[PDB]
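Listing of work-v9.txt; format and content: compact mmCIF, C-alpha atoms and all ligand atoms.
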```txt
# COMPACT_ATOMS: atom_id res chain seq x y z
CA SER N 2 46.35 8.57 -12.09
CA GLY N 3 45.80 11.87 -10.28
CA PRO N 4 42.58 13.52 -9.14
CA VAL N 5 39.70 14.53 -11.37
CA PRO N 6 39.65 18.30 -12.02
CA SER N 7 36.80 20.43 -10.75
CA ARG N 8 35.25 23.83 -11.54
CA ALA N 9 33.02 26.13 -9.51
CA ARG N 10 29.49 26.04 -10.80
CA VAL N 11 28.94 29.77 -10.19
CA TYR N 12 31.19 32.81 -10.49
CA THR N 13 33.70 30.59 -12.30
CA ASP N 14 35.36 33.00 -14.74
CA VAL N 15 34.70 36.20 -12.78
CA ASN N 16 38.38 36.81 -12.23
CA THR N 17 39.35 35.91 -15.80
CA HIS N 18 37.20 38.79 -17.09
CA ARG N 19 38.69 41.45 -14.92
CA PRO N 20 41.75 43.61 -15.47
CA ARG N 21 44.84 41.84 -14.21
CA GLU N 22 45.52 44.34 -11.42
CA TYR N 23 42.25 43.21 -9.80
CA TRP N 24 43.53 39.79 -8.70
CA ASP N 25 47.32 40.01 -9.23
CA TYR N 26 48.02 41.15 -5.67
CA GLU N 27 51.71 40.21 -5.68
CA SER N 28 52.43 43.39 -7.68
CA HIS N 29 50.09 45.68 -5.70
CA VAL N 30 51.75 48.84 -4.34
CA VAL N 31 50.59 49.76 -0.82
CA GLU N 32 51.34 53.20 0.64
CA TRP N 33 51.98 52.79 4.39
CA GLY N 34 50.73 55.52 6.69
CA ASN N 35 52.00 56.32 10.17
CA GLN N 36 50.57 54.30 13.07
CA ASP N 37 50.98 57.14 15.60
CA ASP N 38 47.94 58.69 13.96
CA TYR N 39 46.39 56.13 16.32
CA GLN N 40 46.53 55.53 20.05
CA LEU N 41 45.73 52.01 21.20
CA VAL N 42 43.01 51.86 23.87
CA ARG N 43 42.27 48.26 24.74
CA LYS N 44 42.64 44.73 23.42
CA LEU N 45 39.55 43.23 21.80
CA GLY N 46 40.94 39.83 20.88
CA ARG N 47 43.83 37.97 19.35
CA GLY N 48 44.05 35.55 16.46
CA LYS N 49 46.91 33.28 15.43
CA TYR N 50 48.07 35.87 12.84
CA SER N 51 46.62 39.14 14.22
CA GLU N 52 46.06 41.08 17.46
CA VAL N 53 43.07 43.37 17.55
CA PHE N 54 42.86 46.62 19.53
CA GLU N 55 40.29 49.34 19.78
CA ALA N 56 42.06 52.67 19.09
CA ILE N 57 41.32 56.39 18.64
CA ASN N 58 42.51 58.53 15.72
CA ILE N 59 44.24 61.44 17.43
CA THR N 60 43.52 63.66 14.40
CA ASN N 61 39.71 63.51 13.99
CA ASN N 62 39.20 61.91 17.44
CA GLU N 63 37.34 58.88 16.07
CA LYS N 64 36.98 55.33 17.34
CA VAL N 65 38.59 52.75 15.08
CA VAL N 66 40.00 49.20 15.26
CA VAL N 67 43.67 48.40 14.72
CA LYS N 68 44.79 44.88 13.83
CA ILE N 69 48.52 44.28 14.15
CA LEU N 70 49.70 41.75 11.59
CA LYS N 71 51.91 38.89 12.63
CA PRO N 72 55.11 38.27 10.66
CA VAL N 73 53.84 36.70 7.45
CA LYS N 74 55.15 36.65 3.85
CA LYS N 75 54.78 40.14 2.34
CA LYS N 76 52.63 38.53 -0.41
CA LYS N 77 49.93 37.48 2.02
CA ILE N 78 49.79 40.97 3.54
CA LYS N 79 49.28 42.50 0.08
CA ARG N 80 46.65 39.84 -0.61
CA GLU N 81 44.52 40.69 2.45
CA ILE N 82 44.95 44.38 1.64
CA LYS N 83 44.05 43.90 -2.01
CA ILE N 84 40.99 41.80 -1.12
CA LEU N 85 39.82 44.33 1.47
CA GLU N 86 40.31 47.15 -1.01
CA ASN N 87 38.40 45.13 -3.66
CA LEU N 88 35.44 44.47 -1.31
CA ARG N 89 35.07 47.90 0.35
CA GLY N 90 31.46 48.99 0.61
CA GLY N 91 30.04 45.51 -0.04
CA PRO N 92 27.15 44.22 2.06
CA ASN N 93 28.27 43.13 5.53
CA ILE N 94 32.00 43.21 4.73
CA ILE N 95 34.35 44.97 7.14
CA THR N 96 35.57 48.43 6.11
CA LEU N 97 39.27 49.21 5.77
CA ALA N 98 40.13 52.73 6.89
CA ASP N 99 43.91 52.87 6.72
CA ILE N 100 47.08 50.82 6.38
CA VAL N 101 49.98 51.73 8.64
CA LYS N 102 53.41 50.71 9.84
CA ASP N 103 54.68 51.56 13.31
CA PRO N 104 57.71 53.85 12.78
CA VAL N 105 60.15 52.06 15.11
CA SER N 106 59.03 48.40 15.05
CA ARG N 107 58.08 48.71 11.35
CA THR N 108 55.35 46.09 11.94
CA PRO N 109 52.43 46.29 9.48
CA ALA N 110 48.93 46.86 10.80
CA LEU N 111 45.49 47.26 9.24
CA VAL N 112 43.07 49.90 10.51
CA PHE N 113 39.33 49.20 10.30
CA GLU N 114 36.10 51.07 11.00
CA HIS N 115 34.78 50.71 14.53
CA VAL N 116 32.25 48.01 15.43
CA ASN N 117 30.88 46.87 18.80
CA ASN N 118 30.82 43.18 19.69
CA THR N 119 27.71 42.03 21.54
CA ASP N 120 28.56 40.18 24.78
CA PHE N 121 29.30 36.76 23.25
CA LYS N 122 27.86 35.29 26.47
CA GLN N 123 24.59 37.14 25.78
CA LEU N 124 24.14 35.45 22.37
CA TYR N 125 23.81 31.96 23.89
CA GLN N 126 20.57 32.57 25.83
CA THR N 127 19.04 35.36 23.69
CA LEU N 128 19.34 34.02 20.15
CA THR N 129 15.83 33.13 19.11
CA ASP N 130 15.30 30.76 16.21
CA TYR N 131 14.39 33.85 14.16
CA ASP N 132 17.55 35.70 15.24
CA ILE N 133 19.63 32.82 13.86
CA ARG N 134 17.74 33.03 10.56
CA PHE N 135 18.48 36.77 10.43
CA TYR N 136 22.16 36.77 11.21
CA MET N 137 22.56 33.74 8.96
CA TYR N 138 20.93 35.68 6.13
CA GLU N 139 23.31 38.58 6.78
CA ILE N 140 26.24 36.18 6.55
CA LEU N 141 25.04 34.81 3.19
CA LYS N 142 24.73 38.40 1.96
CA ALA N 143 28.46 38.83 2.60
CA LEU N 144 29.40 35.46 1.17
CA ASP N 145 27.31 35.95 -1.95
CA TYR N 146 28.88 39.35 -2.49
CA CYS N 147 32.43 38.14 -2.17
CA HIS N 148 31.94 34.97 -4.21
CA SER N 149 30.44 37.20 -6.94
CA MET N 150 33.59 39.31 -6.61
CA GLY N 151 35.69 36.21 -7.24
CA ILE N 152 36.92 35.87 -3.64
CA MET N 153 36.59 33.02 -1.16
CA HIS N 154 36.89 33.79 2.54
CA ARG N 155 38.19 30.30 3.51
CA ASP N 156 37.90 30.99 7.28
CA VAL N 157 34.14 31.25 7.88
CA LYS N 158 33.63 30.57 11.62
CA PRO N 159 31.92 32.40 14.53
CA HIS N 160 35.13 34.04 15.78
CA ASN N 161 35.10 35.89 12.44
CA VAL N 162 31.53 37.26 12.59
CA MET N 163 31.06 40.60 14.31
CA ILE N 164 27.52 41.17 15.57
CA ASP N 165 26.10 44.38 17.00
CA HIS N 166 22.87 42.98 18.41
CA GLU N 167 21.43 46.33 19.49
CA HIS N 168 21.59 47.60 15.90
CA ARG N 169 21.24 44.18 14.19
CA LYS N 170 24.41 44.81 12.16
CA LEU N 171 26.70 41.94 11.19
CA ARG N 172 30.22 42.18 9.71
CA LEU N 173 32.34 39.38 8.25
CA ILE N 174 35.97 39.85 9.32
CA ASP N 175 39.53 38.43 9.19
CA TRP N 176 40.24 38.30 5.47
CA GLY N 177 43.80 37.12 6.06
CA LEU N 178 43.18 33.68 4.55
CA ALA N 179 40.94 34.89 1.72
CA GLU N 180 42.00 34.17 -1.85
CA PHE N 181 40.86 34.68 -5.45
CA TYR N 182 39.10 31.86 -7.24
CA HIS N 183 40.77 30.94 -10.53
CA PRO N 184 39.28 27.95 -12.39
CA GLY N 185 41.80 25.13 -12.37
CA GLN N 186 43.95 26.43 -9.53
CA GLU N 187 45.09 24.13 -6.70
CA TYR N 188 44.96 25.84 -3.35
CA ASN N 189 46.69 25.16 -0.08
CA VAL N 190 44.59 22.85 2.09
CA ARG N 191 46.12 24.04 5.38
CA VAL N 192 43.43 26.71 5.82
CA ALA N 193 40.28 27.29 7.90
CA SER N 194 39.95 26.05 11.51
CA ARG N 195 39.63 22.30 12.25
CA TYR N 196 35.99 22.21 13.36
CA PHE N 197 35.05 24.08 10.15
CA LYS N 198 37.38 22.39 7.64
CA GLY N 199 35.40 21.05 4.72
CA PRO N 200 35.91 17.43 3.69
CA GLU N 201 37.86 18.52 0.61
CA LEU N 202 40.46 20.03 2.94
CA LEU N 203 40.78 16.96 5.17
CA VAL N 204 41.36 14.60 2.23
CA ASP N 205 43.72 17.06 0.47
CA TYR N 206 41.65 17.91 -2.62
CA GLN N 207 43.17 21.09 -3.93
CA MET N 208 40.77 22.39 -6.62
CA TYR N 209 38.23 23.59 -4.10
CA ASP N 210 36.24 26.78 -4.57
CA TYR N 211 33.58 29.01 -3.01
CA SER N 212 31.56 26.03 -1.75
CA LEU N 213 34.28 25.58 0.88
CA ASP N 214 32.67 28.60 2.55
CA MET N 215 29.26 26.94 2.45
CA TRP N 216 30.51 23.90 4.36
CA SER N 217 31.91 26.01 7.19
CA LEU N 218 28.65 27.97 7.24
CA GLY N 219 26.81 24.68 7.63
CA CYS N 220 28.97 23.89 10.67
CA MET N 221 27.95 27.18 12.37
CA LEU N 222 24.27 26.53 11.68
CA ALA N 223 24.78 22.99 12.96
CA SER N 224 26.39 24.26 16.16
CA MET N 225 23.79 27.03 16.65
CA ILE N 226 20.49 25.18 16.24
CA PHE N 227 21.67 22.10 18.18
CA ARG N 228 23.46 24.13 20.87
CA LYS N 229 26.43 21.79 20.44
CA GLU N 230 29.71 23.65 19.89
CA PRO N 231 31.62 22.58 17.85
CA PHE N 232 29.31 20.24 15.98
CA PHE N 233 32.12 18.02 14.56
CA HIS N 234 34.50 17.84 17.51
CA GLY N 235 37.77 16.40 16.18
CA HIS N 236 40.89 15.52 18.16
CA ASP N 237 43.07 16.06 15.05
CA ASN N 238 42.60 16.57 11.31
CA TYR N 239 42.31 12.85 10.49
CA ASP N 240 39.87 12.40 13.38
CA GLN N 241 37.82 15.38 12.19
CA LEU N 242 36.82 13.44 9.07
CA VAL N 243 35.88 10.50 11.30
CA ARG N 244 33.65 12.77 13.37
CA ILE N 245 32.08 13.87 10.08
CA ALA N 246 31.77 10.34 8.69
CA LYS N 247 30.00 9.20 11.88
CA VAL N 248 27.32 11.83 11.10
CA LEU N 249 27.21 11.81 7.30
CA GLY N 250 27.97 8.11 6.82
CA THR N 251 30.84 6.54 4.94
CA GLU N 252 29.04 5.36 1.80
CA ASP N 253 28.77 8.97 0.56
CA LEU N 254 32.38 9.62 1.55
CA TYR N 255 33.64 6.71 -0.52
CA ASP N 256 31.43 7.80 -3.41
CA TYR N 257 33.00 11.26 -3.11
CA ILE N 258 36.46 9.75 -3.21
CA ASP N 259 35.73 7.54 -6.24
CA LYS N 260 34.02 10.34 -8.17
CA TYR N 261 37.05 12.61 -7.78
CA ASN N 262 39.68 9.80 -7.90
CA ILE N 263 41.13 11.05 -4.63
CA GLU N 264 43.84 8.84 -3.20
CA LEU N 265 43.45 8.49 0.53
CA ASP N 266 46.15 8.62 3.18
CA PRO N 267 46.95 5.12 4.52
CA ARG N 268 46.22 6.66 7.94
CA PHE N 269 42.54 6.96 7.03
CA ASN N 270 42.46 3.42 5.63
CA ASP N 271 41.32 1.97 8.98
CA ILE N 272 40.06 4.72 11.29
CA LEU N 273 36.93 5.69 9.29
CA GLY N 274 35.36 2.21 9.31
CA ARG N 275 31.71 1.85 8.26
CA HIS N 276 28.93 4.21 9.36
CA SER N 277 25.34 4.90 8.44
CA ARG N 278 24.29 8.45 7.69
CA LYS N 279 22.48 9.56 10.82
CA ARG N 280 19.09 11.29 10.84
CA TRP N 281 19.16 14.89 12.03
CA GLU N 282 16.53 14.13 14.72
CA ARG N 283 19.17 12.15 16.66
CA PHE N 284 20.58 15.57 17.63
CA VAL N 285 17.31 17.18 18.77
CA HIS N 286 16.49 17.30 22.47
CA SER N 287 14.47 19.37 24.91
CA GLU N 288 16.96 22.26 25.12
CA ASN N 289 17.46 22.84 21.36
CA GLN N 290 14.06 21.88 19.87
CA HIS N 291 12.92 25.51 19.75
CA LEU N 292 15.61 26.25 17.13
CA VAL N 293 15.11 23.08 15.08
CA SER N 294 12.43 23.03 12.40
CA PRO N 295 11.77 20.99 9.26
CA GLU N 296 12.95 24.04 7.27
CA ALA N 297 16.20 24.31 9.23
CA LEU N 298 16.90 20.63 8.86
CA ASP N 299 16.34 20.75 5.11
CA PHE N 300 18.53 23.85 4.79
CA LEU N 301 21.33 22.45 6.96
CA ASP N 302 21.34 19.09 5.18
CA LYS N 303 21.74 20.87 1.82
CA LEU N 304 25.01 22.46 3.01
CA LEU N 305 26.75 19.52 4.74
CA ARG N 306 27.64 17.41 1.71
CA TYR N 307 30.93 15.73 0.87
CA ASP N 308 30.69 16.56 -2.84
CA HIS N 309 31.37 20.28 -2.97
CA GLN N 310 29.63 20.64 -6.34
CA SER N 311 26.36 19.69 -4.66
CA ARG N 312 26.42 22.09 -1.70
CA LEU N 313 24.13 25.07 -2.05
CA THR N 314 25.58 28.27 -3.37
CA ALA N 315 25.26 31.38 -1.22
CA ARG N 316 22.64 32.56 -3.73
CA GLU N 317 20.64 29.30 -3.63
CA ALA N 318 20.90 29.23 0.18
CA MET N 319 19.38 32.73 0.50
CA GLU N 320 16.48 31.35 -1.51
CA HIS N 321 15.77 28.48 0.86
CA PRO N 322 12.41 28.50 2.67
CA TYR N 323 14.35 28.76 5.93
CA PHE N 324 14.64 32.47 5.10
CA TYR N 325 11.07 33.23 3.89
CA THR N 326 10.13 35.06 7.08
CA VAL N 327 13.22 37.31 7.20
CA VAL N 328 12.95 38.16 3.48
CA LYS N 329 9.36 39.26 4.13
CA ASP N 330 10.40 41.56 7.00
CA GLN N 331 13.00 43.28 4.77
CA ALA N 332 10.35 45.57 3.24
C1 LIG U 401 24.90 32.85 12.52
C2 LIG U 401 24.99 33.11 14.05
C3 LIG U 401 24.67 34.57 14.40
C4 LIG U 401 26.32 32.52 14.74
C5 LIG U 401 27.21 33.47 15.65
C6 LIG U 401 27.32 33.32 17.07
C7 LIG U 401 28.15 34.19 17.84
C8 LIG U 401 28.90 35.25 17.25
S1 LIG U 401 30.02 36.41 18.25
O1 LIG U 401 29.91 37.74 17.78
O2 LIG U 401 29.73 36.27 19.61
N1 LIG U 401 31.57 35.73 17.88
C9 LIG U 401 32.67 35.67 18.88
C10 LIG U 401 33.81 36.54 18.38
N2 LIG U 401 33.63 37.96 18.84
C11 LIG U 401 34.00 38.82 17.65
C12 LIG U 401 35.50 38.96 17.38
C13 LIG U 401 36.31 39.30 18.68
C14 LIG U 401 37.88 39.44 18.40
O3 LIG U 401 38.27 40.31 17.28
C15 LIG U 401 37.67 41.50 16.84
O4 LIG U 401 36.87 42.05 17.60
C16 LIG U 401 37.94 42.12 15.46
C17 LIG U 401 38.75 41.61 14.45
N3 LIG U 401 38.72 42.48 13.30
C18 LIG U 401 37.86 43.57 13.56
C19 LIG U 401 37.48 44.68 12.76
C20 LIG U 401 36.60 45.63 13.26
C21 LIG U 401 36.07 45.49 14.60
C22 LIG U 401 36.44 44.40 15.38
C23 LIG U 401 37.35 43.39 14.90
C24 LIG U 401 36.02 38.21 19.72
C25 LIG U 401 34.55 38.13 20.04
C26 LIG U 401 28.78 35.35 15.86
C27 LIG U 401 27.98 34.50 15.08
```

Take the structure from the file and write it as structure tokens.
Amino acid sequence: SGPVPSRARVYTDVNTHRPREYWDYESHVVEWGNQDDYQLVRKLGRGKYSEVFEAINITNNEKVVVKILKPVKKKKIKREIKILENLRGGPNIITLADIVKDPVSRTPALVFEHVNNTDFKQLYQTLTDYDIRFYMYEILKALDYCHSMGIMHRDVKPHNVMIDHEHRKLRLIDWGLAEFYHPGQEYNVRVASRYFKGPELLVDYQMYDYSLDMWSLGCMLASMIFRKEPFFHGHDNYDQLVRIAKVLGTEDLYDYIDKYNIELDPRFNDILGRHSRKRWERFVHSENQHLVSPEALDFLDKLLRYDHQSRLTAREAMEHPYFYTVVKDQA
């Protein structure tokens, strides 16, 4: 027998109730502007499927960010465009300004509003325990918005969070792997980055949903408050689960697998072994104890769960006592 089906416990039928053209991105018509409106200034970074430059708009002389798309199925370009168009103006989501094709190369590129990245080396030694609570709240704002809009990000990881520390602005970026939730759909499990892949991805369980984003978010929190990056440091995808099982124990993992009737690769059938679920205090030490609190350890533990039904939702997470202080200051 095959796996047990699963449904998201919030925002389940949000896409069912919308007009079709909301989520049916394969038929979306995109009008491609001219990239020579823009002049590339300097590289900002480079992903596996993008290449980000700061540019100026030689018409209104404005800063702007141009992301050249790498050669991917037309489909997935329309999807990222559709999702960005669907989320424009939402809290802490990046803002799409234009969509262009270079005249000669004919390579597609997305054009976004300008943001400044804070010296990523600054963040290490400046981030107070409160600062983590704040920028984590901002991230849950963006995830709750987009889950309410029927979209999962599927690539939540620090290289996809823009922070402007001077102005305390955060933007969630790279929507190239984002996808619409449709109850009962089976999604590709070759998504996210290793260190942030949720258990459901490593065991190939295809009816995942928004809670995938809450696992990854738990990995960031894990790596922030313990100053251990990445927190589950896997040599490959099979090993990654073993790194997780050494922390979360195997008894819960094998419960997870029996509850969903997952069949397990014969590869796994000897590398996982037996492991107790470790206590979070094992990971505290003199140089991270100022970011670790009983509240943070409760909050973190309520995200890193095998069973995806039982992870917090973005909305429940923003209600955790971890965030009491920052909610107070927002008035
Ligand atoms: C919850 C806490 C707080 C955890 C945390 C710690 C550190 C950081 S971090 O900020 O240090 N992360 C390193 C990544 N940074 C941002 C991306 C850079 C490349 O790519 C782009 O810049 C754009 C891609 N698309 C865009 C659209 C508009 C503007 C720019 C881009 C590379 C440098 C964030 C969160």

Would you mind reading off the distance between CA of residue 2 in chain N and CA of residue 249 in chain N, one decimal, in Å?
->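 Calculated distance between CA of residue 2 in chain N and CA of residue 249 in chain N is 27.4 Å.
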
Could you list, as an mmCIF file with C-alpha atoms, in the frame of the given file, all protein and nucleic acid residues with an atom at most 6 Å from ligand LIG 401 (chain U), counting only C-alpha atoms and all ligand atoms?
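The resulting file, result07.cif, is reproduced below:
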```cif
data_model
loop_
_atom_site.group_PDB
_atom_site.id
_atom_site.type_symbol
_atom_site.label_atom_id
_atom_site.label_comp_id
_atom_site.auth_asym_id
_atom_site.auth_seq_id
_atom_site.Cartn_x
_atom_site.Cartn_y
_atom_site.Cartn_z
ATOM 1 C CA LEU N 45 39.550 43.230 21.800
ATOM 2 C CA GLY N 46 40.940 39.830 20.880
ATOM 3 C CA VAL N 53 43.070 43.370 17.550
ATOM 4 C CA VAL N 66 40.000 49.200 15.260
ATOM 5 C CA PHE N 113 39.330 49.200 10.300
ATOM 6 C CA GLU N 114 36.100 51.070 11.000
ATOM 7 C CA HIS N 115 34.780 50.710 14.530
ATOM 8 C CA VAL N 116 32.250 48.010 15.430
ATOM 9 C CA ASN N 118 30.820 43.180 19.690
ATOM 10 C CA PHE N 121 29.300 36.760 23.250
ATOM 11 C CA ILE N 133 19.630 32.820 13.860
ATOM 12 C CA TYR N 136 22.160 36.770 11.210
ATOM 13 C CA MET N 137 22.560 33.740 8.960
ATOM 14 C CA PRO N 159 31.920 32.400 14.530
ATOM 15 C CA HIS N 160 35.130 34.040 15.780
ATOM 16 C CA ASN N 161 35.100 35.890 12.440
ATOM 17 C CA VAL N 162 31.530 37.260 12.590
ATOM 18 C CA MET N 163 31.060 40.600 14.310
ATOM 19 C CA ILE N 164 27.520 41.170 15.570
ATOM 20 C CA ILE N 174 35.970 39.850 9.320
ATOM 21 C CA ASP N 175 39.530 38.430 9.190
#
```

Measure the distance from CA of residue 139 in chain N to CA of residue 95 in chain N in Å and round it to one decimal.
-> 12.8 Å

Closest to residue 79 in chain N among N:41, N:203, N:140, N:179, using only C-alpha atoms?
->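 Of the candidates, the smallest distance to residue 79 in chain N is held by N:179.
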
Excluding range 235-239 of chain N and residues on its chain fewer than 2 positions from it, collect all residues at most 12 Å away from it, counting all atoms listed in the file, and give them as a VMD selection string.
-> chain N and resid 190 to 205 230 to 233 241 to 247 265 to 273

Please identify every residue of range 224-253 of chain N that has at least one atom no farther than 7 Å from an atom of range 279-285 of chain N, counting all atoms listed in the file, and for each give the shortest atom pair and the distance in Å to one decimal, arranged by chain then increasing number, as JSON lines.
```
{"residue": "N:227", "atom": "CA", "partner": "N:285", "partner_atom": "CA", "distance": 6.6}
{"residue": "N:248", "atom": "CA", "partner": "N:279", "partner_atom": "CA", "distance": 5.4}
{"residue": "N:249", "atom": "CA", "partner": "N:279", "partner_atom": "CA", "distance": 6.3}
{"residue": "N:250", "atom": "CA", "partner": "N:279", "partner_atom": "CA", "distance": 6.9}
```

Write out, as a compact mmCIF listing (two decimals), in the frame of the given file, the residues just selected, with C-alpha atoms.
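For reference, again.txt as written:
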```txt
# COMPACT_ATOMS: atom_id res chain seq x y z
CA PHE N 227 21.67 22.10 18.18
CA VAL N 248 27.32 11.83 11.10
CA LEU N 249 27.21 11.81 7.30
CA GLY N 250 27.97 8.11 6.82
```

Taking into account all atoms listed in the file, which residue in the set N:130, N:296, N:32, N:210 is nearest to residue 14 in chain N?
->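 That would be N:210, the residue with the smallest distance to residue 14 in chain N.
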
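Across the structure, CA of residue 61 in chain N and CA of residue 39 in chain N are spaced 10.2 Å apart.
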
Which of these, N:90, N:224, N:322, N:100, has the shortest distance to residue 294 in chain N once you count all atoms listed in the file?
-> N:322

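Only residues having an atom at most 10 Å from (27.8, 14.2, -5.6) are included; using only C-alpha atoms, these are residues 253, 254, 256, 257, 260, 261, 306, 307, 308, 309, 310, 311 and 312 of chain N.
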
Which residue gives the smallest distance to residue 129 in chain N among N:332, N:88, N:226, N:42, with all atoms listed in the file counted?
->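 Under the stated criterion, the closest residue is N:226.
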
Residue among N:168, N:258, N:186, N:134 lying closest to residue 321 in chain N, counting all atoms listed in the file = N:134

Shell of 8 Å around residue 93 in chain N, all atoms listed in the file, local chain residues under 2 positions omitted, as a PyMOL selection string | chain N and resi 91+95+139-140+142-143+170-173

Give the padded box for range 137-144 of chain N as AutoDock Vina command-line options: axis-aligned, covering all atoms listed in the file, 4 Å on each side, centre and edge lengths in Å to one decimal.
```
--center_x 25.2 --center_y 36.3 --center_z 5.1 --size_x 16.5 --size_y 13.1 --size_z 15.8
```
